[PDB]
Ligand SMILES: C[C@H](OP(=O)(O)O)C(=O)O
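Listed next as C-alpha cells is one chain, alone, in the form solved without the named molecule.
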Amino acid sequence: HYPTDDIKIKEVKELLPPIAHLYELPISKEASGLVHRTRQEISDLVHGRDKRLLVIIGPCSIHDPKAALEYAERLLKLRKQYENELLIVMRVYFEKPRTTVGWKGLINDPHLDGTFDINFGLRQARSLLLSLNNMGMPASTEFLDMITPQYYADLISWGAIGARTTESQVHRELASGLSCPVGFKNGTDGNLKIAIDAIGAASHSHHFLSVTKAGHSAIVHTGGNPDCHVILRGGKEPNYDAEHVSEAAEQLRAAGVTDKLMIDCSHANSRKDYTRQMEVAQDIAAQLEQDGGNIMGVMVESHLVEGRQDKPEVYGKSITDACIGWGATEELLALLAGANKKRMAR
C-alpha cells in the first residue's frame, strides 16, 4: 500500500473551536450596539442615503496590541470630532498577504518568532477587537480565508476582500454571508470588472465550506449581502481621479449595482510611497468640493510613527507597508472633514 495522503504535510493540529473563544470573550452589550449601528450607518453610505465619508484608517497590519489600543485612543477623539462629516472606522488587519518568505501576521504568528501559536493568535485578535469596540472604536479587517471569520466576525463592522482574492469565487461566496458591509478591491493590474462582478455575485445566495462555532466541518448557506461596494486601489496606473471615478461609476450603473465607491489612498495609488497618500487625499478633497457624488469612503494606512521597519524594533511603526505618522494623520483627516462639510452642505 503506497502512501498517497498528506505526503507534503508536516503536521495537522486541532485548533480550539470558535466557541471556546466565544465562551471566554463573549461580545458585550456595548460592543453589540456599536457593531450593529456602525454596520447600518455604513449601509446608508453604500446606498447613497447619507453623505458622510467612510474612513477606514489605521496600521497596514497590527503587530502589537498595546500600540493599537494607543492608536485607537487617539483616533477615537478624532472620530467624535469629525462625526458629522466623517464615519471613522479603524483598520485592524492582522496580516498582509505576500509572495516571499516573511511574517504571516498576528493571528498566525503572534510571537513574531515563527512558533505559529495560532490558538493564542486568534484569542489575542478577538481580545483586541472586543477592547476596541468596548472603548467605542469600530473595527474593520480583511478576511483572507473562510474559517477565521467564525472566530471574530461578530466584532467587525466592515470587511475587505483584497485585490488578490476579489476574483476568487469562494471569497465571493464568503462575502455574500458576512454580517458586515464588504469592499472589493480592484485587481493588482487595475482591473475593475472583477470587483464589479464580485458585488453582483456577493449579493446572491451561495454555499461554501467552513466550520461551525463548535469547530466542525460544515456547509454554510448564505442569504446574500446587499451592502457590497468597490474600492479603487490603482493598478499599472493610479485610479483615484475624477476621470477614473466617473468611469467606474458608469460601469457600476450599467451593471445594476451601487455607483458609490471607496478610494484607497495607499498601495498602488501612492505608488507604494506613503508620502503620496496625502496627494491622493488632496485630490479626493478637490473632488468633494467640485462634486464627487460617487465617493462614499476612503482608505488610509496610518500608525503612531511614520514608515516601515524589517524587525519590530521601534514602537508604533509598521513591519509591513509604510504608513504615514500621526501628524500626517491629523492633517489628512482635517482635510477630508473640511472638504466633506462643504459637499454635505450642497
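Residues that one form lacks are left out of the comparison. Each residue number is its position in the shown sequence, starting from 1. Think of the rigid core as the biggest set of C-alphas that the two forms share within 1.5 Å after superposition.
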property	result
Given 10-18 and 318-326, the range whose Cα B-factors average higher in the PDB entry	318-326
Residue range whose averaged C-alpha B-factor is higher in the record, 236-244 or 208-216	236-244
Peak C-alpha temperature factor (PDB record), options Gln124, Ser270, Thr222, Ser168	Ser270
Residue with maximal Cα B-factor (values as given in the PDB entry) among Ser157, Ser131, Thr148, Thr100	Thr100
Ranked C-alpha temperature factor of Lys77 among modelled chain residues, by third	middle
Ranked C-alpha temperature factor of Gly292 among modelled chain residues, by third	highest
Chain-relative CA temperature factor third for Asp264	middle
Within-chain third of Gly58 by Cα B-factor, per the entry	lowest
Assigned third (lowest, middle, highest) for the C-alpha B factor of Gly183	lowest
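Same protein, other form: the form deposited with the named molecule bound, not shown, and the subject of what follows.
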query	finding
Stretch in contact, per heavy atom within 4.5 angstroms of the named molecule in the deposited bound form, of 68-76, 238-246, 254-262, 91-99	91-99
Contact residue in the deposited bound form, from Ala163, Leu192, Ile107, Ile199 (heavy atom within 4.5 Å of the named molecule)	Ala163
Proximity of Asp64 to the named molecule in the deposited bound form, heavy atoms at 4.5 Å	no
Interface membership of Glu142, the named molecule in the deposited bound form, 4.5 Å heavy atom rule	yes
is_contact(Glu306, the named molecule) in the deposited bound form, heavy atom dist at most 4.5 Å	no
Distance check, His267 to the named molecule in the deposited bound form, heavy atom within 4.5 Å	yes
In the deposited bound form, residues of 277-312 near the named molecule [heavy atom within 4.5 Å]	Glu301
Of the candidates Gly200, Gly224, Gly215, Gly102, the only Cα that travels 2 Å or more between the shown form and the other one, given a rigid-core fit	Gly102
Core-superposed comparison between the shown form and the other one, runs of at least 3 residues with CA shifts of 2 Å or more	99-102
